[PDB]
Amino acid sequence: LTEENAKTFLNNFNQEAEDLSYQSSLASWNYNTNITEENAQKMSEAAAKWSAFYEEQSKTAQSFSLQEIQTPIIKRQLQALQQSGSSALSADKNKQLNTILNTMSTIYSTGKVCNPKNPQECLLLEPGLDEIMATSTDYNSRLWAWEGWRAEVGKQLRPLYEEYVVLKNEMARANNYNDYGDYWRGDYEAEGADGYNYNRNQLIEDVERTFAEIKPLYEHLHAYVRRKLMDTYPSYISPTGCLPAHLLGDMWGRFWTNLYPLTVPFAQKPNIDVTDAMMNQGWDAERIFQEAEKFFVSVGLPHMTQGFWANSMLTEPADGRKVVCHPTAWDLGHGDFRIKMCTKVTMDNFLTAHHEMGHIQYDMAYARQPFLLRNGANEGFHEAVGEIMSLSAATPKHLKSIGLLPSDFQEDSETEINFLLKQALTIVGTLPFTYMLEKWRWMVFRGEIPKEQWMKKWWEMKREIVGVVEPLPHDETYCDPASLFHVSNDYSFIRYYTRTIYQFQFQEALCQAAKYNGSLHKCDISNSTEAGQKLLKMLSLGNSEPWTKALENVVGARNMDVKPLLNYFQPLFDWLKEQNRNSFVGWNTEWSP
Amino acid sequence: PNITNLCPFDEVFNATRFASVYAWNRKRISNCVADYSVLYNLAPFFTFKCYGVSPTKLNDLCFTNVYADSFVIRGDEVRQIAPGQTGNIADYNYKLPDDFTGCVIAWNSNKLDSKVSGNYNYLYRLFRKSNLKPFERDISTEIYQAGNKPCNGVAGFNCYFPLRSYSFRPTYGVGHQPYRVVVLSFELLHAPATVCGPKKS
Ligand SMILES: *[C@@H]1O[C@H](CO)[C@@H](O)[C@H](O)[C@H]1NC(C)=O
Ligand SMILES: *[C@@H]1O[C@H](CO)[C@@H](O)[C@H](O)[C@H]1NC(C)=O
Ligand SMILES: *[C@@H]1O[C@H](CO)[C@@H](O)[C@H](O)[C@H]1NC(C)=O
């Protein structure tokens with residue numbers, strides 16, 4: 001019978017998939033912690049063999065008909081295996097698309113804007129221009145860097161994106177999707193049971209629904225940031241207008257977290273930085289990860305494996321091998337869980353260690369699942385379950401419990417307000433940017449935006465959604481989204497929006513599980529085994545169940561809810577309402593200086 | 001009387017090469033004095049689980065024949081080497097009967113059976129038409145015919161090679177690291193019982 005044939009097919013597939021995936025992941029680890037040409041080519045052949053085996057098995061898996069499969073776990077495994085992806089095109093179109101993607105990657109990694117009248121002062125984005133966006137306060141130098149990287153990337157990436165959209169539309173319509181936007185929204189499709197059914201076309205309106213009520217908090221934050229930047233820039237910013245695009249602390253305005261020195265509420269009150277306390281007690285990276293492990297065993301999740309401590313790198317090696325500075329949590333397979341992080345003894349790397357060990361605990365919990373179901377419930381769950389550990393690790397209760405912060409520490413309201421404002425600049429300020437970028441990409445892939453009216457649409461919506469105006473008018477020879485890393489390298493962006501929603505949903509559910517009686521941003525889930533079990537019911541699922549079922553297992557709801565997000569930022573929202581009485585909350589769409 | 005002639009447990013337990021679980025090695029043991037305090041006194045032998053007889057009274061209660069079955073499995077499949085269990089190893093590789101009288105011994109063997117390139121010399125049976133009878137082996141390499149079309153000796157779709165490799169590597173998690181298992185099965189027959197442990201003076 002067909003279902004038993006599919007069961008034996010999955011049993012045959014799982015063992016070779018696990019072996020080849022382990023070989024590919026080990027070669028990728030050996031390249032990422034030891035950069036050389038032989039490790040690069042070994043990674044190339046390992047990924048080539050694993051990808052060739054995966055497509056060879058997916059062509060055979062497409063022969064099964066899902067109309068006669070009753071057990072939903074086998075059906076979900078065959079759904080995961082039948083995703084052909086970019087292989088649905090012919091070899092010529094796939095090679096052309098890979099050529100476009102590779103030239104986009106090597107032109108973003110080698111993007112170049114250089115100083116006018118100073119031809120020797122040529123700056124790349126990654127070492128030097130991000131420093132200008134993060135630190136510099138001069139209006140004209142930021143206008144230079146923004147408009148110059150917009151010119152020398154958008155002018156070079158506009159036709160590349162022109163055929164990129166067409167090739168991705170052909171690839172998506174070869175996989176029975178309406179557009180490439182629907183292909184990305186198929187990551188949120190859930191088919192299991194009744195009442196847990198989620199559709200791709202539902203997702204957009206859910207996102208719009210969740211943007212219906214983040215909008216007052218974002219409007220108050222935008223008004224406060226606009227007033228403080230008007231204090232910084234006297235005549236270049238209008239009270240009723242939008243913010244200029246190059247004054248937002250990032251290259252694209254994606255994160256407002258670099259505006260915190262300009263927009264600090266209480267400058268006399270210091271921050272909750274405990275780096276010097278780590279310096280005084282002689283902490284190292286081993287103690288950082290041991291304290292993260294102590295947190296995860298106090299909440300009830302299991303200990304770290306011996307192979308985790310044996311095989312991972314937790315320090316710059318300094319023995320002649322080049323490494324990647326970005327922290328990454330690796331699930332190599334066969335019970336191998338590693339973390340690559342060049343941990344300095346700072347508070348940010350302490351929170352990052354908690355974040356990546358949250359990733360590793362999420363990976364460890366669904367190891368009992370079959371190989372095709374060893375993923376997150378969707379793309380937002382995996383990063384949300386690390387962000388909640390970063391949330392609980394930064395609280396003054398957790399820092400006072402582990403001796404990093406003194407026992408007689410006073411938590412007045414002013415440090416809670418400015419901590420919540422720094423968190424809002426990181427968290428709330430990225431939500432209209434994420435929603436507007438994904439809405440622009442969805443309407444471009446749908447064809448709802450005409451091809452010759454791209455740029456004129458985008459700067460409308462950044463005036464409408466984000467409330468951020470262009471500094472200089474751009475015509476259609478620019479490609480201003482494509483200057484961002486995620487869109488020039490073919491990455492879905494709505495995972496950050498859903499991450500932000502699911503993060504505070506999970507945090508409120510765990511804090512109600514841990515029976516916390518205070519405000520949500522002070523909440524710690526340490527020494528609470530019942531919150532750990534409430535979490536681990538979802539972590540053990542993987543994507544074996546629909547993500548609505550896992551979401552109901554944590555929070556008791558089957559959809560995205562931003563009432564936890566507004567409940568997290570409630571003291572800051574009350575403070576922002578209290579200091580926006582005289583001012584004008586909101587922005588006007590026409591260009592005001 | 002002063003004793004000699006101990007049973008060759010050094011040949012079974014301290015062997016340089018074990019066997020795959022599908023072709024599990026069986027050695028019969030008779031006409032010697034079997035002392036089992038060698039196995040209990042070694043701390044690397046982590047799992048020492050005995051069925052039907054106590055581990056403490058192994059040296060005094062004595063038997064006619066002792067079968068030592070040696071093989072290699074992974075760590076989380078050691079629990080399948082027990083009466084009444086199910087799994088791949090129990091159904092298709094090594095089955096113990098429900099009235100099994102004996103002991104199972106297992107220990108980690110990373111330093112002997114794990115290779116960085118991968119040890120592809122340990123195999124197990126993943127597909128078989130019917131479950132194994134107790135103390136039965138299957139060394140057949142016939143292609144498993146899971147569908148309706150005849151396989152005709154060539155693998156592919158609905159035609160799988162049944163012996164799949166335990167690709168052991170030293171960086172695996174503890175449930176997948178190689179574990180060497182020796183199953184001691186004790187039997188009494190109408191023959192005079194000639195495997196008996198030591199006595200004192
Ligand atoms: C880095 O890779 C080279 C390539 O063979 C190898 O010789 C060296 O041992 C590696 N470094 C470490 C620390 O393993
Ligand atoms: C959690 O348990 C540890 C165990 O010693 C203890 O030191 C710590 O203070 C506890 N946390 C709190 C918040 O009491
Ligand atoms: C195996 O080798 C060890 C090494 O000292 C020895 O003590 C032991 O008696 C040997 N035999 C068995 C059955 O363990």
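Values reported hereafter were calculated over all heavy atoms of this structure, with side chains retained and with hydrogens, waters and symmetry mates removed. Indexing begins at 1, ligand by ligand and atom by atom, following the structure's order. Here is how names work: the chains are called A, B, and so on, in the same order as the sequence lines, proteins then strands, and each is numbered from 1.
In this structure the side chain of A:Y362 reaches within 4.5 angstrom of the side chain of A:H382, judged on heavy atoms.
Under a 4.0 Å criterion applied to the non-hydrogen atoms of B:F13, ligand 3 contributes the atoms 13 (C). When each atom of ligand 2 is checked for a heavy atom of A:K397 under 4.0 Å away, the hits are 13 (C). Applying the 4.0 Å criterion to heavy atoms of B:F9 picks out, from ligand 3, the atoms 13 (C). Every atom of ligand 2 is numbered from 1 in the order shown, and the set under 4.0 Å from a heavy atom of A:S401 is 13 (C).
Under the 3.5 Å distance criterion, the side-chain polar atoms of A:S401 are matched with a main-chain donor or acceptor of A:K397. A donor-acceptor pair is defined here as one N or O able to donate and one able to accept, closer than 3.5 Å; such a pair exists between the side chain of A:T426 and the backbone of A:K422.
Checking B:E77, B:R169, B:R74 one by one against B:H176, the side-chain hydrogen bond (donor to acceptor under 3.5 Å, both in side chains) holds for a single residue, B:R74.
Stacking of B:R26 on the aromatic ring of B:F135 is recorded, both the 6.0 Å distance cut-off and the 45° axial limit being met. Because its NZ or CZ atom is both nearer than 6.0 Å to the ring centre of B:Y122 and within 45° of the ring axis, B:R17 counts as a cation-pi partner of that residue. The side-chain tip of B:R28 does not point at the ring of B:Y67 from less than 6.0 angstrom away and within 45° of straight on.
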Between ligand 1 and the protein, give all atom pairs where both partners are nitrogen or oxygen and the distance is under 3.5 Å, as lines of names plus distance to 0.1 Å.
{"unit_1": "ligand 1", "atom_1": "2 (O)", "unit_2": "A:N34", "atom_2": "OD1", "d": "3.4"}
{"unit_1": "ligand 1", "atom_1": "2 (O)", "unit_2": "A:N34", "atom_2": "ND2", "d": "2.3"}
{"unit_1": "ligand 1", "atom_1": "11 (N)", "unit_2": "A:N34", "atom_2": "ND2", "d": "2.9"}

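Ring pair B:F168/B:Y166 is parallel by interplanar angle, where below 30° counts as parallel and above 60° as perpendicular.
Residue A:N527 has at least one nitrogen or oxygen atom sitting less than 3.5 Å from a nitrogen or oxygen atom of ligand 2, judged on distance alone.
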